[PDB]
Amino acid sequence: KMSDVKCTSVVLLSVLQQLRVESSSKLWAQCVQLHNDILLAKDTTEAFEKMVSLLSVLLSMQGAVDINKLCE
Amino acid sequence: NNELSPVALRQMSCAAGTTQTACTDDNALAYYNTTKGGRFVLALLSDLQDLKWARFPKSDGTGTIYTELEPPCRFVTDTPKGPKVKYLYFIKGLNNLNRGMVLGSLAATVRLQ
Amino acid sequence: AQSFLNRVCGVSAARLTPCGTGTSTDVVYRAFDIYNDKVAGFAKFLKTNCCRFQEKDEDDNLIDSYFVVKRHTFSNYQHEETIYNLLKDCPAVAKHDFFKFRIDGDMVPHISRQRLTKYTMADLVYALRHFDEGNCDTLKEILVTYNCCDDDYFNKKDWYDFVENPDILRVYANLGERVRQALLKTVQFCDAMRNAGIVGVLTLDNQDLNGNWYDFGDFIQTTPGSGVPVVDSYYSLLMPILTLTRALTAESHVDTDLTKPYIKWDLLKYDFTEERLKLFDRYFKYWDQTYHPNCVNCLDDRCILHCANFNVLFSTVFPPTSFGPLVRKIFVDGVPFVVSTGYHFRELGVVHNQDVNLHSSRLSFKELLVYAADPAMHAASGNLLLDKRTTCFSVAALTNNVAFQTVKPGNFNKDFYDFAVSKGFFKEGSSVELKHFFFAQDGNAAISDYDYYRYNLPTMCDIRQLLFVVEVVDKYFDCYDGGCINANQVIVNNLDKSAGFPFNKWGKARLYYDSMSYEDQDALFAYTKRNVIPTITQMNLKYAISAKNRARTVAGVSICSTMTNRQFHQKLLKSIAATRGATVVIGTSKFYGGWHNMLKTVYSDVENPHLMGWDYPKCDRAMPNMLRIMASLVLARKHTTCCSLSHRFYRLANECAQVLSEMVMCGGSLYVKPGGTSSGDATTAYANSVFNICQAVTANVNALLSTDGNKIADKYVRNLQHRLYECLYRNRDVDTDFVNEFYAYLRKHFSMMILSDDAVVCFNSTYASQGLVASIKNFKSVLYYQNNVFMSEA
Amino acid sequence: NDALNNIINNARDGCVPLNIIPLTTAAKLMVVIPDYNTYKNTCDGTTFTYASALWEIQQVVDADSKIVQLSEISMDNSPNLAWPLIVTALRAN
Ligand SMILES: [Zn+2]
């Protein structure tokens, strides 16, 4: 299970990278921290914590038109 | 609490003089240690006022060494007819270790004034 | 009983309190330096010919002073007497007092050493070299005794560390001054013991911890004005403490006084010599082989070691600006330039170029190159910088805005993973589970890493046992061959890598290895055998799988270094790389059962075999300099014909300027690299291996001597150890018989396989338990006292 | 700069160690700063001496190279800044 969590996180930070988020600094800091952490996790819970506490970072952006991708 | 060195330094007589050529064949008293390299020599003992050179056959007797001497150390031994002046030359540039063990064996052998 | 106790309170401070027993002696576990005719070593015996009184204080508190009364032979009683009576003057003498007292019907003599100190310099130096946190207490009790720190500190675990809790340094530092005090008194002592004309040797376990002396036994008489001491056990043991505790720091103040501020050497004074030599003549006076500051004047390298130490000490008193290149202004056809005409290392004194030339019109490719890589031109024209993120002494800037680094994530490979789960993998509770990943790194990655050189200290490494185990290590390398070569014989692989800086603004090494004849390269080479070429360096961030989220760096070196060090070492480097069946095993495939062969070698009949490895905690930052020079020297040893002398010496100098301590273009700016190696030059994995062997040997030497004397059974090995000590301190020059003997002894009971900084040792078990082969605890001790980090036993 | 030619004439021999050339003769100073505390302890006010010479602040850019006046740097406007501010001071004279 959780193994997919680590994976999804790798994909995800790669996305936030290529969306040119590193023009900020403090962003790149908080993100790279969340990454470097779950990639040492131990229990699905606090993982999912840091997971959403990241993801929302992306959500606050407006490069993604998720109303599309949620086409299923 | 830390004793230095029980000795075995021998003493012979041989040749020394004031210059390279002035060394007569019998006038000096060598103190030495036969180490890995022949009768390796340490110090000279004499009665003459000055001797700045010495000459000793090699390990096998090829040539004669031209080993200069120190500004000799002054002291007086005793012979049954009173005090007697003696000098202790060292082979120049001889560090404190062998100077020390030579003084050890020597002052052991000869009681001074 | 008391009349005695009374009668040894002599005349002073009658406040005594025998922490002994009654009128019997005492039993103390004290760590001597001993060498009779039969035993030898630096080891912790049980001594008992002494009655011991703890002098108390008004208000009837205890107080660190002692009356130690010894009882021995009448004859010896006289010797000690007449000697003491000759020498009751030079204040470094603990004020003795003799007497005759009766025990029963026995008129036993007694000597009364007055006001000493519970310990001696021995217990210090010993229980600091042979540390072991499981039971280091005497360290605890000293450090609180001299107010270095209050007891509470010690329960905060990781108080002994270094990579951790590095504030520990200051604690040790608090002691330093008092050590210095000792030195001075001893010199006074030596002078007296000369002019009064005495002979004997000074040993540590005659030294109350303040400074006085006492145990005057074995000295013997002589003419006055001609007395000799023997100071080569003393210093040569005291050496490395002398820059743990920094016993020289009270020498930069306005008058060697802790109160006053500092001297201020005028910014321009780079020379500094009669200083160096004066310090030496005030402290290490009675040393017994000449010292000649500028190492240029040294002879066969071994004199270069015996003066590179004293410089690595006297150079923590001078200021850290006047170290480094020495520029000067020249004229390229009537055009002002600034170029580095010399250098001024922290050890190798002053060094001056030898083919320098002002006023030149048109300058060719060679010197053009050698000018674009000197930092003189670069930093002489740049914005002054000041950085508050490191401590490494910054120097200059270049741009007008620093650059920030980042290390992107890795990218996924979904399918293979989807496959993987489809084959029933990663199903929870598996015993295989992802563990290595592409960690990501934020902004200030580099400098927040390059900071680590602050883990690197100066050090003085004991000089005698070093001047020996360099010889044994040398013996490990008598089956190869090397020397200078020529252009058409170097061999480059993947001639397409980086080219440092600034040459990387123009392309890879294709150009520079291409845009030059062979004669070009030979002019270069046979040039640097008489000059110096300070260089730069870049730091790079690695980007590859890992398991620990730290950073990584690799020092990309500038082309004018490799392009010579190759030519100078290639023959050897091959000769090692391609030989099968030896100690160093760089370059032997693990395919086609070559691995199995490696093992069935490094076994090879050692009787009772156990296997042990280890690992070096932060290996390439914390390696002190002395050991790096030792590596470079052992490699160059085989160059005895191609080279000469001054050729070598300048070649060593060029290397020590190009890899040891030169500027580091980290980020967008220039710093200094105070020490430590640099994992990117031409001669690493080899040099790391050599250093490693040096550690393993030194550990075994200590493990031998450290052992007691009279429990060794094999009379042969006892006579070994004894002979070893003799060859090591008493002697001056090599005992090839003995060295071959030793090397064989090791190959028989301590065989070892080495990759660059990665070992395996197969060793003779019951020996270990008998301590005649360095089991682990000795590794703790060595990594401590001369790599000053702490190698955990996990 | 003349100042150099000065400093080299003043030499004992025409040799000066490198580490005191950019220090004394050079002009425009850059400074890095990691924290607010170090800021207010080392480059507080509009000017300061250092290496025994005066220096004037020009602009104080930050990590994203956003000009930042010498006002915003309060104690408490600090936790809203990219923190390794670059102060570009000048060889005051
Ligand atoms: Zn020398």
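Residue numbers (my numbering), protein chains in the order written: chain A, 1 to 72; chain B, 1001 to 1113; chain C, 2001 to 2794; chain D, 3001 to 3093. Cβ coordinates follow ideal geometry from the N, Cα and C atoms, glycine included.
Between the alpha carbons of residue i and residue j, how many angstroms are there, rounded?
| i | j | result |
| --- | --- | --- |
| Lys-2118 of chain C | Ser-2065 of chain C | 7 Å |
| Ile-2533 of chain C | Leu-2720 of chain C | 47 Å |
| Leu-1097 of chain B | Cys-2642 of chain C | 37 Å |
| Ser-2360 of chain C | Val-2332 of chain C | 5 Å |
| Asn-2049 of chain C | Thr-2073 of chain C | 12 Å |
| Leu-3085 of chain D | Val-3032 of chain D | 6 Å |
| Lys-2618 of chain C | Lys-2529 of chain C | 34 Å |
| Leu-2062 of chain C | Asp-2097 of chain C | 23 Å |
| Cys-2666 of chain C | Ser-2448 of chain C | 11 Å |
| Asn-2006 of chain C | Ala-2744 of chain C | 60 Å |
| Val-2672 of chain C | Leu-2358 of chain C | 29 Å |
| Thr-2341 of chain C | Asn-2294 of chain C | 16 Å |
| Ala-2636 of chain C | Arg-2648 of chain C | 8 Å |
| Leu-3018 of chain D | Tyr-2343 of chain C | 10 Å |
| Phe-2412 of chain C | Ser-2546 of chain C | 15 Å |
| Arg-1039 of chain B | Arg-1010 of chain B | 10 Å |
| residue 2802 of chain C | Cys-3015 of chain D | Lying outside 2001 to 2794, the shown extent of chain C, residue 2802 of chain C is not represented and no answer is given. |
| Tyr-2453 of chain C | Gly-2675 of chain C | 8 Å |
| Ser-2236 of chain C | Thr-2316 of chain C | 19 Å |
| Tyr-2283 of chain C | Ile-2241 of chain C | 15 Å |
| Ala-2040 of chain C | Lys-2047 of chain C | 15 Å |
Hey, would you say the C-beta of residue i is under 8 Å away from at least one heavy atom of ligand 1?
| i | result |
| --- | --- |
| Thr-2273 of chain C | no |
| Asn-1095 of chain B | no |
| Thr-2290 of chain C | yes |
| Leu-2466 of chain C | no |
| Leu-2299 of chain C | yes |
| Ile-2629 of chain C | no |
| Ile-2304 of chain C | yes |
| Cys-2295 of chain C | yes |
| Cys-2307 of chain C | yes |
Please name the residue, chosen from the options, that lies closest to residue i on a Cα-to-Cα basis.
| i | options | result |
| --- | --- | --- |
| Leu-2244 of chain C | C:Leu-2175, C:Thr-2273, C:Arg-2194 and C:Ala-2250 | C:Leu-2175 |
| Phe-2790 of chain C | C:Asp-2132, C:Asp-2123 and C:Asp-2059 | C:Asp-2132 |
| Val-2554 of chain C | C:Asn-2486, C:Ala-2794 and C:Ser-2678 | C:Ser-2678 |
| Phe-1075 of chain B | B:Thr-1067, B:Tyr-1089, B:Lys-1036 and B:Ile-1065 | B:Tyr-1089 |
| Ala-2127 of chain C | C:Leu-2116, C:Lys-2140 and C:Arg-2115 | C:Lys-2140 |
| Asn-2486 of chain C | C:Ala-2657, C:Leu-2511 and C:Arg-2566 | C:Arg-2566 |
| residue 2845 of chain C | C:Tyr-2729, C:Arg-2723, C:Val-2760 and C:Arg-2730 | Summary: the structure shown does not reach residue 2845 of chain C, with chain C confined to residues 2001 through 2794, and so no result is reported for it. |
| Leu-1004 of chain B | C:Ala-2192, C:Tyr-2153 and C:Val-2201 | C:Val-2201 |
| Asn-3006 of chain D | D:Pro-3017, D:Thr-3025, D:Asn-3019 and D:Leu-3018 | D:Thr-3025 |
| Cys-2560 of chain C | C:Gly-2581, C:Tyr-2518, C:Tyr-2592 and C:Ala-2499 | C:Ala-2499 |
| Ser-2751 of chain C | C:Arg-2718, C:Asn-2788, C:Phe-2779 and C:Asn-2700 | C:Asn-2700 |
| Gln-2002 of chain C | C:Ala-2687, C:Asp-2033, C:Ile-2103 and C:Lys-2088 | C:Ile-2103 |
| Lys-2497 of chain C | C:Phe-2503, C:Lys-2508, C:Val-2490 and C:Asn-2488 | C:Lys-2508 |
| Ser-9 of chain A | A:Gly-63, A:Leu-40 and A:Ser-25 | A:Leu-40 |
| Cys-7 of chain A | C:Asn-2210, C:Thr-2399, C:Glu-2347 and C:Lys-2414 | C:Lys-2414 |
| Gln-1049 of chain B | B:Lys-1081, B:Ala-1030 and B:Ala-1016 | B:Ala-1016 |
If I'm right that residue i touches residue j with Cβ under 8 Å, what's the distance once you round it to whole angstroms?
| i | j | result |
| --- | --- | --- |
| residue 2808 of chain C | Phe-2438 of chain C | As shown, chain C starts at 2001 and ends at 2794. That puts residue 2808 of chain C outside it, with no answer to give. |
| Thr-2537 of chain C | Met-2623 of chain C | About 17 Å separates the two Cβ atoms, so there is no contact after all. |
| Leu-2116 of chain C | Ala-2094 of chain C | 6 Å |
| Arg-2621 of chain C | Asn-2456 of chain C | 5 Å |
| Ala-2759 of chain C | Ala-2685 of chain C | With a Cβ gap of about 13 Å, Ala-2759 of chain C and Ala-2685 of chain C do not count as contacting. |
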